[PDB]
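Okay, structure first, notes after.
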Amino acid sequence: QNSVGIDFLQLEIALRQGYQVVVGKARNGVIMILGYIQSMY
Amino acid sequence: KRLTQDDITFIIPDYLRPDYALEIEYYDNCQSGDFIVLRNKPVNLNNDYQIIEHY
Amino acid sequence: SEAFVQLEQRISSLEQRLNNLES
Amino acid sequence: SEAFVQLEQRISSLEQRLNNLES
Amino acid sequence: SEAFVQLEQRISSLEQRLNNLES
Amino acid sequence: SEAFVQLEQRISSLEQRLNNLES
Amino acid sequence: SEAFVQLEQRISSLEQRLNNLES
Amino acid sequence: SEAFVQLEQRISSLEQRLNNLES
Amino acid sequence: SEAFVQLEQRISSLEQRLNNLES
Amino acid sequence: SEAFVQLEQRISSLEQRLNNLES
Amino acid sequence: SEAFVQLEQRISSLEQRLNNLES
Amino acid sequence: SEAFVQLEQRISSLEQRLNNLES
Amino acid sequence: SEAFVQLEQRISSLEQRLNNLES
Amino acid sequence: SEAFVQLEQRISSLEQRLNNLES
Amino acid sequence: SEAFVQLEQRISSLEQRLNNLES
Amino acid sequence: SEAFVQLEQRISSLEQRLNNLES
Amino acid sequence: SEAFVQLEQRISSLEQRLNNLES
Amino acid sequence: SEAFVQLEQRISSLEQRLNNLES
Amino acid sequence: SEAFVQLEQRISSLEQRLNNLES
Amino acid sequence: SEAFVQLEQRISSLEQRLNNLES
């Protein structure tokens, strides 16, 4: 978990509630949880 | 959205109050900040003291 | 002026990061 | 607020440079 | 404004080049 | 023209960093 | 616009400088 | 008095850097 | 706009430090 | 202009490959 | 749209070369 | 059709980079 | 005549690569 | 247009051989 | 002309086999 | 179709030669 | 019958390659 | 067709050049 | 003006430390 | 304010002295 700034607990919670979570590189250049994808697959 | 040390309800003495502190956030890889916020449970749906009363 | 507050917080974070990195 | 945009862009580029430097 | 995002991507590539060279 | 001014700032910052690097 | 041509020239000069600096 | 906060931040970074220098 | 001057001073100091570090 | 968007995405992807490979 | 077809073919050939290089 | 000129310029830059790399 | 254009562009890229190889 | 398929196959074998040569 | 198609497929298979074998 | 038979025989001999070469 | 000429060219190229390989 | 024959000697000369480079 | 006094004292301690360092 | 500007050159000279000591 130390490799990237993801905050895996929020990721797991969001996945369990059923969101389509997105993780990736931001303007900082650090991997983080971006916004969830809505509606379409 | 970062907590700016104004939200902290301090209990330490006056001479220990930081003038400028920022919460450590997962953005920027937690490499900057001064404090963190802890909570008893990640998701809090049940009262532990009620479980003791039930048994 | 919340935007200026955000910029100040970002600059302070960067200064702390670089100061820690140097030593 | 052109100077504000310039400052924000400079800060963001600095953050990217520091992120690359640390990792 | 397609040409503008093309310019932005070229400058982003130059930034990535310089960051890779620096590290 | 926020995109334009921030792109100009990126260009200027890259020129400054290159001038530092070359000598 | 003229400023677009200036940006084109500046980006091209930056690319050439990075390329011949890399050697 | 945001400029005064600016001055405090500059001086705090100064003490941080010099303290890291000493040890 | 002296606070903006302060921000420019901080960002300039950071950039000079990093340019001396890299080069 | 879906085709042009796809071409731009492909160019950006190839450019990221080459930037990563130059590391 | 001959220029479009030429650009697509160039991108595809470059993609093939880059994929071969990575492996 | 300036965007097409930009695509051609980027593709030519990538091809030149790969050619100089190969030799 | 899309196929003809694709073949012509592939051939042209091929002699560009090999000409650069000879030089 | 089977002869055109013949030409495409010849050129594809050419690129395959030259790509294998490069790496 | 299925016979010519079969001959073309055989020749393409042979070319692929030999090209893979060489490298 | 004498030339067809000649081409088929040449292809078959080539396949046998390649099979022997690989194994 | 230029397609047959193409097939003859391909088979001849394969045979010359294999003869140079063996001898 | 003049285009077909011109592509013919183009591809043939390209193949001969590749073979000569391989020697 | 408690903050002003604190900042003044911090600065004064800083030049005292650095002046002793130079001597 | 005269106090603010005097603190300004005080902090600036202090920063320059620290940088010169670091060299």
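Chain identifiers are assigned as A, B, and so on, following the order in which chains appear in the structure tokens; residues are numbered from 1 within each chain, and ligands are numbered from 1 in order of appearance.
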Inset, instruction - For chain L, report every residue with an atom at most 12 Å from chain M (counting only C-alpha atoms), formatted as a ChimeraX atom specification. - result: /L:11-12,15-23
Please produce a file of those selected residues containing C-alpha atoms, as an mmCIF file, in the first residue's frame.
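That gives us result03.cif:
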```
data_model
loop_
_atom_site.group_PDB
_atom_site.id
_atom_site.type_symbol
_atom_site.label_atom_id
_atom_site.label_comp_id
_atom_site.auth_asym_id
_atom_site.auth_seq_id
_atom_site.Cartn_x
_atom_site.Cartn_y
_atom_site.Cartn_z
ATOM 1 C CA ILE L 11 4.363 11.896 -36.093
ATOM 2 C CA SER L 12 7.493 13.183 -37.834
ATOM 3 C CA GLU L 15 9.697 8.846 -36.349
ATOM 4 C CA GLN L 16 12.854 10.961 -36.168
ATOM 5 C CA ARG L 17 13.289 10.007 -32.513
ATOM 6 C CA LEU L 18 12.991 6.298 -33.288
ATOM 7 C CA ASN L 19 15.305 6.576 -36.305
ATOM 8 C CA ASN L 20 18.037 8.335 -34.319
ATOM 9 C CA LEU L 21 17.547 5.720 -31.596
ATOM 10 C CA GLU L 22 17.988 2.860 -34.078
ATOM 11 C CA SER L 23 21.193 4.254 -35.603
#
```
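Fit chain P to chain O on the Cα trace, atom for atom in sequence order, and the RMSD comes out at 0.3 Å.
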Practice task
Dump as a list in words the residues of chain B that approach chain D to within 10 Å, counting only C-alpha atoms.
Solution key: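 Contact residues on the first chain: residues 28, 29 and 31 of chain B.
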